[PDB]
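>>> build me a model from this:
(chains A and B)
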Amino acid sequence: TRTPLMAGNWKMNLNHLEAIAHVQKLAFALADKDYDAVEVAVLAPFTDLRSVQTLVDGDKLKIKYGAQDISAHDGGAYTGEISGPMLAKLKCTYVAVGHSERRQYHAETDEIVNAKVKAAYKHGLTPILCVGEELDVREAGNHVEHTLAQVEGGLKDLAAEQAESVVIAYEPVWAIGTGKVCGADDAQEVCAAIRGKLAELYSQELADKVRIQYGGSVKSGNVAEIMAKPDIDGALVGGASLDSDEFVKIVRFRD
Amino acid sequence: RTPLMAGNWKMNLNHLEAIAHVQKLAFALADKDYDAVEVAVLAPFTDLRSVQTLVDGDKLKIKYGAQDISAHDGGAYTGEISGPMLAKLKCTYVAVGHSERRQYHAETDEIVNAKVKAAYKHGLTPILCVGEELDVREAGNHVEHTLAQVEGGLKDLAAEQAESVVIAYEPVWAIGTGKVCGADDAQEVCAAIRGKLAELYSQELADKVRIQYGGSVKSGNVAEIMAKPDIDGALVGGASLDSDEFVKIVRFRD
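Numbering: from 1, shown residues only, chains lettered A, B, ... in the order given. Coordinates below:
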């Protein structure tokens, strides 16, 4: 079965010194039994990736790191953008792509995200395809249908030999910064459908290898029921990824 | 006004190539170069720590900066980079509202104005990029549009901040059109720009603000451009990636 992946998304937090400290903290608190059973990753601000790489290389940490975004292009006249080759030279493993914040604040489209998905693979990175429906879609009872299309759009023209290693993170945008909670049954339902949609686009042999993360509000209280689910293989953690003790707990969803 | 040559790498150079660049750069430059001209490189986020350690290590006179900044000070803004982050890396500058981000990332005068304030909030110096595309130039309204871009960008910025701001004019009508922007064309705008700054603040202030040319700048054209009375530097594109041609530009007098 699938090795679960716990990715801490720092968002726009931590300077390069704080990044160094926080990752040290994590390495202090985690033990061999932790890395043996669960995959641990931190997605750090661009400006922090060099500091995290030298530390990760320096103290030989088992913690993975990745970016929070990537340019669809390989290089060139794209002011402010960070390319696949740049993230690769810093030896990032992952890159969150299509995070709900970027679909909203920066008008990222399925077409744009798909391109970023492809740029990631072209460049030896593993994309974390962030998908999810807002409130209106959930009220319409079409949530899976929308999420299932988003996964397909994001995965457009992607060969199975790449897709086999992809990560999908489901963000129930209707229920994260929201008093409405998305229970594990609700997320299991989408994450099941997602694996079901992947089966159609590819093969059940592939679909069972793809880690599907939960991207709602994940805390120590939540993490157990969510994880028990048969088609949830990890979590893309928000605010709690910034708290050393709470991230370490999540990595041990085995409360 | 100390002229400012800011090398905009755009989406180029990994962290070790970046270091090699700046090493190449410092190797080719002498004290008389920095004495007359301010030298800066605007590098990808991921290169900034590497450049800082090199510049802090070898006590270089070359400055470095970012190609973007988030309007926010921190928070749930995935993928964006904040002032405090750029501030810790000891950046000097940050480009804001570059035509590429205005085109590809729907950055508005309103979004651009917010980055300018954020830049100042955290002890960075913004380089506010302004300019018109083809239609505004053919309509003969380029100056009108560019100037609206400058006023919008600088809204609610007090004189003690704006007096250190840098403006870069990008002739967007002359990238990929086959049309050339002469030094004659650019001087006119940078002139208008300084005139607008004078209204919004004072002539005394307006005379302290460096206004760059952000069009195509080569070793061949750099002298003619700089000899214009209201151009105080260049926001260099592709040639900024070329150590030799960038060193010539910094030495535009030759």
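>>> residue A:225 contacts residue A:186, doesn't it?
No. The pair residue A:225 / residue A:186 is not scored as a contact, 11.2 Å apart, by C-beta atoms under 8 Å. (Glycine included, C-beta is placed from N, CA and C.)
>>> residue in the stretch 151-255 of chain A nearest to chain B?
residue A:238 (7.1 Å; C-beta to the nearest C-beta).
>>> got a list of what the spatially closest residue to that residue that is not a sequence neighbour touches?
With C-beta to C-beta, 6 or more residues apart in numbering or on different chains as the criterion, residue A:238 has its nearest non-adjacent residue at 6.1 Å, and that residue is residue A:9. Neighbour list for residue A:9: A:43, A:68, A:96, A:99, A:236-238, A:241, B:78 [criterion: C-beta atoms under 8 Å, 6 or more residues apart in numbering or on different chains].
>>> quickly list what residue A:9 is bridged to.
residue A:43 (DSSP bridges).
>>> now the helices for the stretch 101-250 of chain A?
Along the stretch 101-250 of chain A, counting by DSSP state H, counting those that start in this stretch, helices occupy A:110-122, A:135-139, A:143-154, A:160-163, A:184-201, A:204-207, A:223-228, A:244-251.
>>> mind listing what the residue in the stretch 101-250 of chain A that chain B sits nearest to touches?
Across the stretch 101-250 of chain A, the shortest distance to chain B (C-beta to the nearest C-beta) belongs to residue A:101, at 4.4 Å. Contacts for residue A:101 (C-beta under 8 Å, 6+ apart) come out as A:11, B:76-79.
>>> now, the most widely separated pair of the residues you listed?
The largest separation in the contacts of residue A:101, counting by C-beta to C-beta, is between B:76 and B:79 at 11.1 Å.
>>> returning to that earlier point: let me have the helices of the stretch 101-250 of chain A in a markdown table, extended by mean neighbour count.
Output for the helices of the stretch 101-250 of chain A, formatted as a markdown table (neighbours: other C-beta atoms under 10 Å in any protein chain shown):
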| stretch | mean neighbour count |
| --- | --- |
| helix A:110-122 | 21 |
| helix A:135-139 | 15 |
| helix A:143-154 | 20 |
| helix A:160-163 | 14 |
| helix A:184-201 | 19 |
| helix A:204-207 | 15 |
| helix A:223-228 | 18 |
| helix A:244-251 | 20 |
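>>> any chance of TSV for the ones you listed, columns distance to chain B?
Below are the helices of the stretch 101-250 of chain A laid out as TSV (distance: least, C-beta to the nearest C-beta, whole Å):
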stretch	distance to chain B
helix A:110-122	10
helix A:135-139	18
helix A:143-154	16
helix A:160-163	22
helix A:184-201	20
helix A:204-207	27
helix A:223-228	20
helix A:244-251	16
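>>> which residue packs closest to the residue sitting furthest away from the middle of chain A, ignoring adjacent ones?
In chain A, counting by C-alpha atoms, centre = their mean, residue A:77 sits farthest out from the average C-alpha position, at 27.9 Å. Distances taken as C-beta to C-beta, 6+ apart place residue B:10 nearest to residue A:77, at 5.6 Å, with adjacent residues excluded.
>>> among the contacts of residue A:9, name the buried ones.
Buried members of the contacts of residue A:9, counted by 16 or more other C-beta atoms under 10 Å in any protein chain shown: A:43, A:68, A:96, A:99, A:236-238, A:241, B:78.
>>> from the contact counts, what lies against the host helix or strand of residue A:27?
Take DSSP states H and E as the rule and residue A:27 turns out to sit in helix A:16-29. In terms of contacts (3 or more C-beta pairs under 8 Å, 6 or more residues apart in numbering or on different chains; DSSP states H and E), helix A:16-29 is packed against strand A:39-43, helix A:49-58, helix A:244-251, helix B:83-88.
>>> mind redoing it with 10 Å?
strand A:5-9, strand A:39-43, helix A:49-58, helix A:244-251, helix B:48-57, helix B:83-88 (3 or more C-beta pairs under 10 Å, 6 or more residues apart in numbering or on different chains; DSSP states H and E).
>>> just the C-alphas of the second one, formatted as PDB.
Read that as strand A:39-43. Taking C-alpha atoms only, strand A:39-43 is exported to PDB below (Å, rounded to 0.1, in the frame of the first residue of the first chain):
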ATOM      1  CA  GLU A  39       6.900  10.800   4.300                       C
ATOM      2  CA  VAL A  40       7.600  14.200   5.800                       C
ATOM      3  CA  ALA A  41       7.900  17.400   3.700                       C
ATOM      4  CA  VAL A  42       7.900  21.100   4.200                       C
ATOM      5  CA  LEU A  43       6.900  23.500   1.500                       C
END
